[PDB]
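Asks: First the structure, which I've put down as structure tokens, then a few questions once you've had a look.
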Amino acid sequence: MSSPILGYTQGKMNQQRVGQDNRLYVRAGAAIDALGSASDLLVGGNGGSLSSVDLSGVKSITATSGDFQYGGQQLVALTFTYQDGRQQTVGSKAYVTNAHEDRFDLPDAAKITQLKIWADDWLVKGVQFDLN
Ligand SMILES: CO[C@H]1O[C@H](CO)[C@@H](O)[C@H](O)[C@@H]1O
């Protein structure tokens with residue numbers, strides 16, 4: 001049980017098992033610089049600011065891509081919406097033009113167990129989430 005690949009399958013792919021705390025760790029700013037199962041296990045570039053996302057209660061994940069203000073077509077944002085209606089976003093939608101949104105709605109009784117991250121030396125290009 002896997003999600004579609006949100007964003008682009010460019011760069012090298014790293015795969016990570018989700019930690020016991022069930023949080024997704026990020027470095028981000030105008031886009032998503034890095035992702036990982038832990039703050040020390042970020043894959044991607046060396047930019048952005050560190051933040052975390054609780055993976056518990058996730059109903060849907062929404063990717064925002066498009067023409068990046070600082071060059072190229074990039075994955076600039078991932079927005080997590082929870083069963084309680086709350087929404088947390090990592091990355092940004094403020095530095096993109098001609099943007100499109102790929103939304104992935106999780107099936108009932110699906111837990112995120114694996115992370116697949118496509119990135120280069122700068123930014124994260126794409127992500128895929130494997131379930132139970
Ligand atoms: C525009 O700069 C900001 O956003 C990018 C992300 O793409 C980071 O590299 C950088 O550290 C800043 O946070």
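Labels for the structure tokens follow display order: chains A, B, ..., residues from 1 in each chain, ligands from 1.
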Per residue of chain A within 8 Å of ligand 1, which atom pair is closest and at what distance in Å (one decimal), using only C-alpha atoms and all ligand atoms, listed by chain and increasing number, as a Markdown table?

Replies:
| residue | atom | partner | partner_atom_place_in_ligand_line | distance |
| --- | --- | --- | --- | --- |
| A:28 | CA | ligand 1 | 6 (C) | 5.4 |
| A:29 | CA | ligand 1 | 13 (O) | 3.5 |
| A:30 | CA | ligand 1 | 4 (O) | 3.6 |
| A:31 | CA | ligand 1 | 7 (O) | 3.7 |
| A:32 | CA | ligand 1 | 7 (O) | 5.7 |
| A:33 | CA | ligand 1 | 6 (C) | 5.4 |
| A:45 | CA | ligand 1 | 9 (O) | 7.6 |
| A:46 | CA | ligand 1 | 9 (O) | 7.1 |
| A:47 | CA | ligand 1 | 9 (O) | 3.8 |
| A:48 | CA | ligand 1 | 11 (O) | 3.4 |
| A:49 | CA | ligand 1 | 13 (O) | 6.0 |
| A:70 | CA | ligand 1 | 1 (C) | 7.3 |
| A:76 | CA | ligand 1 | 7 (O) | 7.4 |
| A:91 | CA | ligand 1 | 6 (C) | 7.4 |
| A:122 | CA | ligand 1 | 9 (O) | 7.4 |
| A:123 | CA | ligand 1 | 7 (O) | 6.5 |

Asks: Could you write out the selected residues, including N, CA, C and O atoms, as a tab-separated table (two decimals), in the first residue's frame?

Replies:
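Below is the file that was written, result.tsv:
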chain	number	residue	atom	x	y	z
A	28	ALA	N	13.07	23.39	5.98
A	28	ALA	CA	12.32	24.07	4.93
A	28	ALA	C	12.32	25.58	5.09
A	28	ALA	O	12.58	26.11	6.18
A	29	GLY	N	12.02	26.27	3.99
A	29	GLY	CA	11.94	27.71	3.96
A	29	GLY	C	11.03	28.11	2.82
A	29	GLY	O	9.81	28.02	2.93
A	30	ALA	N	11.62	28.54	1.71
A	30	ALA	CA	10.84	28.84	0.52
A	30	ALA	C	10.40	27.56	-0.17
A	30	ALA	O	9.45	27.55	-0.95
A	31	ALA	N	11.09	26.46	0.14
A	31	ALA	CA	10.74	25.15	-0.38
A	31	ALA	C	11.16	24.11	0.66
A	31	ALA	O	11.52	24.48	1.78
A	32	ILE	N	11.12	22.84	0.29
A	32	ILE	CA	11.53	21.79	1.22
A	32	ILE	C	12.98	21.39	0.96
A	32	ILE	O	13.28	20.70	-0.02
A	33	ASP	N	13.87	21.78	1.87
A	33	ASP	CA	15.30	21.51	1.70
A	33	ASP	C	15.61	20.04	2.01
A	33	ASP	O	16.36	19.40	1.28
A	45	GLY	N	19.16	19.02	0.81
A	45	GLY	CA	20.15	20.07	0.86
A	45	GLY	C	20.42	20.55	2.27
A	45	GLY	O	19.91	19.95	3.23
A	46	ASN	N	21.20	21.61	2.41
A	46	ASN	CA	21.66	22.06	3.72
A	46	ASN	C	20.98	23.35	4.18
A	46	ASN	O	21.41	23.98	5.14
A	47	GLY	N	19.93	23.73	3.46
A	47	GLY	CA	19.16	24.93	3.76
A	47	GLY	C	17.96	24.76	4.68
A	47	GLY	O	17.73	23.71	5.27
A	48	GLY	N	17.21	25.85	4.80
A	48	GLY	CA	15.97	25.91	5.56
A	48	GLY	C	16.06	25.85	7.07
A	48	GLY	O	17.15	25.81	7.65
A	49	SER	N	14.90	25.81	7.71
A	49	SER	CA	14.80	25.77	9.17
A	49	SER	C	14.20	24.45	9.59
A	49	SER	O	13.38	23.88	8.87
A	70	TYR	N	13.05	30.78	-7.09
A	70	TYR	CA	14.50	30.76	-7.12
A	70	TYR	C	15.03	29.73	-8.12
A	70	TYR	O	16.18	29.29	-8.03
A	76	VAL	N	7.46	22.57	-3.49
A	76	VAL	CA	7.69	23.69	-2.59
A	76	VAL	C	6.98	23.51	-1.26
A	76	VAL	O	7.34	24.14	-0.26
A	91	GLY	N	7.39	23.75	4.18
A	91	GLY	CA	7.75	24.32	2.90
A	91	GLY	C	6.93	25.60	2.83
A	91	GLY	O	6.56	26.15	3.87
A	122	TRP	N	20.29	20.20	-3.27
A	122	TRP	CA	19.67	21.47	-2.94
A	122	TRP	C	18.37	21.28	-2.16
A	122	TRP	O	18.25	21.72	-1.01
A	123	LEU	N	17.41	20.63	-2.80
A	123	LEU	CA	16.04	20.58	-2.31
A	123	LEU	C	15.43	19.19	-2.49
A	123	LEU	O	15.95	18.38	-3.27

Asks: Applying 10 Å and only C-alpha atoms, which residues near segment 50-62 of chain A remain after dropping the ones on its own chain fewer than 2 positions away? List them as a PyMOL selection string.

Replies: chain A and resi 3+6+18+21-29+33-39+42+47-48+64-65+77-90+101-113+129

Asks: I need the residue nearest residue 9 of chain A from this list: A:131, A:95, A:72, A:125. Use only C-alpha atoms for the distance.

Replies: A:125

Asks: What does the distance between atom CA of residue 75 of chain A and atom CA of residue 15 of chain A come to in Å, to one decimal place?

Replies: 17.7 Å

Asks: Pick out each residue of segment 81-130 of chain A that DSSP on the backbone tags as strand (DSSP E or B); I need them as a ChimeraX atom specification.

Replies: /A:81-82,87-91,96-105,112-119,124-130

Asks: I want to know what sits within 7 Å of residue 68 of chain A, based on only C-alpha atoms, with residues of the same chain fewer than 6 positions away left out; could you give that as a JSON list (two decimals) with N, CA, C and O atoms, in the first residue's frame?

Replies:
[["chain", "number", "residue", "atom", "x", "y", "z"],
["A", 74, "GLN", "N", 9.81, 22.87, -8.76],
["A", 74, "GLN", "CA", 10.12, 22.24, -7.49],
["A", 74, "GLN", "C", 8.88, 21.84, -6.72],
["A", 74, "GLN", "O", 7.79, 22.36, -6.93],
["A", 95, "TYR", "N", 6.34, 31.21, -2.57],
["A", 95, "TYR", "CA", 7.43, 31.44, -3.51],
["A", 95, "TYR", "C", 7.29, 30.57, -4.75],
["A", 95, "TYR", "O", 8.28, 30.06, -5.28],
["A", 96, "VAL", "N", 6.06, 30.42, -5.23],
["A", 96, "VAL", "CA", 5.82, 29.59, -6.40],
["A", 96, "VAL", "C", 4.81, 30.28, -7.32],
["A", 96, "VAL", "O", 3.92, 31.00, -6.86],
["A", 97, "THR", "N", 4.97, 30.09, -8.63],
["A", 97, "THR", "CA", 4.03, 30.61, -9.61],
["A", 97, "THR", "C", 3.61, 29.47, -10.51],
["A", 97, "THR", "O", 4.31, 28.46, -10.60]]

Asks: Using only C-alpha atoms, which of the listed residues (A:121, A:100, A:66, A:41) sits closest to residue 17 of chain A?

Replies: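 Comparing A:121, A:100, A:66, A:41 against residue 17 of chain A, the winner is A:41.
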
Asks: Kindly indicate which residue among A:19, A:73, A:115, A:11 lies nearest to residue 128 of chain A, using only C-alpha atoms for the distances.

Replies: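 Using only C-alpha atoms, the shortest distance to residue 128 of chain A belongs to A:115.
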
Asks: Pick the closest to residue 63 of chain A from A:119, A:99, A:1, A:94: which is it, counting only C-alpha atoms?

Replies: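 Under the stated criterion, the closest residue is A:99.
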
Asks: Quick check, in Å to one decimal: how far apart do atom CA of residue 40 of chain A and atom CA of residue 116 of chain A lie?

Replies: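 About the pair atom CA of residue 40 of chain A and atom CA of residue 116 of chain A: they are 16.4 Å apart.
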
Asks: To one decimal place, how far is atom CA of residue 132 of chain A from atom CA of residue 13 of chain A in Å?

Replies: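 Separation between atom CA of residue 132 of chain A and atom CA of residue 13 of chain A: 20.3 Å.
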